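One structure is given below, encoded as structure tokens.
2 protein chains.
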Amino acid sequence: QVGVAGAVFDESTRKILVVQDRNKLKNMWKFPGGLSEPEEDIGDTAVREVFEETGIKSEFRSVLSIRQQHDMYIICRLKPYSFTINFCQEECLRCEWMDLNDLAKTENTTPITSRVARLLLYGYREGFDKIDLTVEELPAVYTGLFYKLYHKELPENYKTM
Amino acid sequence: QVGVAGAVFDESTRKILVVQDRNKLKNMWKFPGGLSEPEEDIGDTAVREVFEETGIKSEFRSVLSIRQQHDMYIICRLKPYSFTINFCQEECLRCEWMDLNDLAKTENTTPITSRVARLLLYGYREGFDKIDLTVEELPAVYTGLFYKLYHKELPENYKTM
Numbered sequence: 143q144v145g146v147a148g149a150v151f152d153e154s155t156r157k158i159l160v161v162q163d164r165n166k167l168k169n170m171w172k173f174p175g176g177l178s179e180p181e182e183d184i185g186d187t188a189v190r191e192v193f194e195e196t197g198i199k200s201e202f203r204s205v206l207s208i209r210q211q212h222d223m224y225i226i227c228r229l230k231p232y233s234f235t236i237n238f239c240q241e242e243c244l245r246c247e248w249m250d251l252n253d254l255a256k257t258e259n260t261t262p263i264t265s266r267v268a269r270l271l272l273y274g275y276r277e278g279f280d281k282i283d284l285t286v287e288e289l290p291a292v293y294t295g296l297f298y299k300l301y302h303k304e305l306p307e308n309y310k311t312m
Numbered sequence: 143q144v145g146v147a148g149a150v151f152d153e154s155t156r157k158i159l160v161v162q163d164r165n166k167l168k169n170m171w172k173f174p175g176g177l178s179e180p181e182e183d184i185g186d187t188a189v190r191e192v193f194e195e196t197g198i199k200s201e202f203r204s205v206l207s208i209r210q211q212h222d223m224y225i226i227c228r229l230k231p232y233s234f235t236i237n238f239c240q241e242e243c244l245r246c247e248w249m250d251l252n253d254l255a256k257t258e259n260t261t262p263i264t265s266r267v268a269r270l271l272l273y274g275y276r277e278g279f280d281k282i283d284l285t286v287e288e289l290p291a292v293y294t295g296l297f298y299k300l301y302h303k304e305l306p307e308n309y310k311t312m
């Protein structure tokens, strides 16, 4: 099943919600995330994983990045609507609203997390339209399968011609 | 191995290079594509698959879309620098420089191809910066693995802070 992470950014305070895992890379700040359940939309996985790890209630806004290895892991931009952290003590050592600029500069994070922080900063300064991507389900033609398609948000007048 | 497609768009003529497979969906226009070889960068797969199917020489410019099923298939924007079609007769029935607006409107294509045509039209009218994404290799921290990360192009001053 696909993994999904939530990058919960408060555009009013310039804060980004991050965690340190209790038992894995406990000194590296990361975004909360985990595995989708069967039938779960990507955005719902993000919002659920965030809430379970951090106590923060949020809304899906966009996809920010797709991570591919040898399979897929989707990192999403979320907008918080609660702000009191109640983190999962079995899973996390720390959970903070960190200054986004601090995450973008720290060495105590992963290269992917840092890249996604820098991308958030670019959207914070120059507009989220610069960075946001959508995910949509589209049908196959040759078979009865379905795909998920990730791309820059396409204005409604073009999606439909 | 990942699949990769090439959407070869001539911004000077508003034409998009498309094929009909000789033996599969022979009435549906599609972008040339196929499987990456071991060690091959995504862009090189695109350029090679295009050349092998169509005779057209091109250069990678960006990623346009990521297609996910139950694994990954990357659709790239390419810029042609040769224009004489010499298609692979064993593989394709037709290969044409089609008007992009015609591809964006036709029923004789797939929903994904049509979506990517509409996204190209949006870039043709409003700038390719609106649609282009990059792919880069970034390292893991927990293990010795590497990932590929797909996201909107991030200006150099931010990538590096």
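As they're listed, the protein sequences go chains A and B. Positions 143 to 212, 222 to 312 (full-length UniProt numbering) are the ones given, in order, by the first sequence. Positions 143 to 212, 222 to 312 (full-length UniProt numbering) are the ones given, in order, by the second sequence. A virtual CB, placed ideally from N, CA and C, is assigned to each residue, including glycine.
- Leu177 of chain B counts as exposed, since fewer than 16 other C-beta atoms from the protein chains shown sit within 10 angstroms of its C-beta.
- In terms of beta-carbon proximity, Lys303 of chain A lines the interface with chain B, with at least one pair separated by less than 8 angstroms.
- Looking at the backbone, the Cα of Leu270 of chain B and that of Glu241 of chain A are separated by about 44 angstroms.
- Per DSSP, the continuous alpha helix (DSSP H) segment holding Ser265 of chain A begins and ends at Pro262 to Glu277.
- In the DSSP assignment, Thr155 of chain A falls outside any beta strand (DSSP E) and carries neither an H nor an E.
- In the DSSP assignment, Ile225 of chain B is bridged to B:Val146 and B:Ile208.
- For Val286 of chain B, there is no enclosing alpha helix (DSSP H); the enclosing beta strand (DSSP E) covers residues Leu284 to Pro290.
- The residue among A:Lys303, A:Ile158, A:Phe297 and A:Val267 with its C-alpha nearest the C-alpha of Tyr309 of chain B is A:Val267.
- The way I'd put it, the stretch 252-260 of chain A does touch the stretch 160-170 of chain A; three or more beta-carbon pairs between them come closer than 8 angstroms.
- Shown here, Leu305 of chain B sits in coil according to DSSP, grouped into three states, outside any helix or strand.
- Within the stretch 266-278 of chain A, contact with chain B at the beta-carbon level (separation under 8 angstroms) is assigned to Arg266, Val267, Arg269, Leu270, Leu272 and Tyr273.
- Take the alpha-carbon of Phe234 of chain B and the one of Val192 of chain B: they are about 12 angstroms apart.
- When Cβ-Cβ separations below 8 angstroms define contact, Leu167 of chain A makes contact with chain B.
- A residue is called buried once 16 or more other Cβ atoms fall within 10 Å of its Cβ, and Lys166 of chain B, having fewer, is exposed.
- Not a single C-beta of chain A is nearer than 8 angstroms to the C-beta of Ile158 of chain B.
- The beta-bridge partner set that DSSP reports for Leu177 of chain B consists of B:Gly145.
- Per DSSP, reduced to three states, the secondary structure at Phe238 of chain B is coil, with no helix or strand assignment.
- For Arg190 of chain A, the enclosing alpha helix (DSSP H) starts and ends at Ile184 to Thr196.
- Here the alpha carbons of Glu194 of chain B and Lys199 of chain A stand approximately 51 angstroms from one another.
- By alpha-carbon distance to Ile282 of chain A, the top candidate from A:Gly274, A:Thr264 and A:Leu254 is A:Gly274.
- Shown here, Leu167 of chain B sits in coil according to DSSP, grouped into three states, outside any helix or strand.
- Taking a beta-carbon distance threshold of 8 angstroms, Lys230 of chain A does not count as an interface residue toward chain B.
- Taking every protein chain shown into account, the CB of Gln211 of chain A has fewer than 16 other CB atoms within 10 angstroms, so this residue is exposed.
- The criterion of a C-beta distance shorter than 8 angstroms is not satisfied by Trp171 of chain B and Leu284 of chain B.
- Annotation for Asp280 of chain B: no alpha helix (DSSP H) segment contains it, and DSSP assigns it neither H nor E.
- Counting the other CB atoms within 10 Å of its CB gives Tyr293 of chain A a total below 16, which places it among the exposed residues.
- Going by DSSP, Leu296 of chain A is part of no alpha helix (DSSP H) at all; its letter is neither H nor E.
- Less than 8 angstroms separates the beta-carbon of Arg228 of chain B from that of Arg203 of chain B.
- Proximity of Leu289 of chain A to chain B, defined by a Cβ-Cβ separation below 8 angstroms, is satisfied.
- Note on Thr155 of chain A: under 16 other CB atoms within 10 angstroms of its CB, so exposed under the neighbour-count rule.
- Chain order gives the chain A residues near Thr261 of chain B as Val292, where near means a beta carbon separation below 7 angstroms.
- Any Cβ of chain B closer than 8 angstroms to the Cβ of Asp186 of chain A would place that residue at the interface, and such an atom is absent.
- A buried status is given to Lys303 of chain A, since no fewer than 16 other beta-carbon atoms sit within 10 Å of its beta-carbon.
- Of all residues in the stretch 241-257 of chain B, only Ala255 and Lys256 place a beta-carbon less than 7 angstroms from a beta-carbon of chain A.
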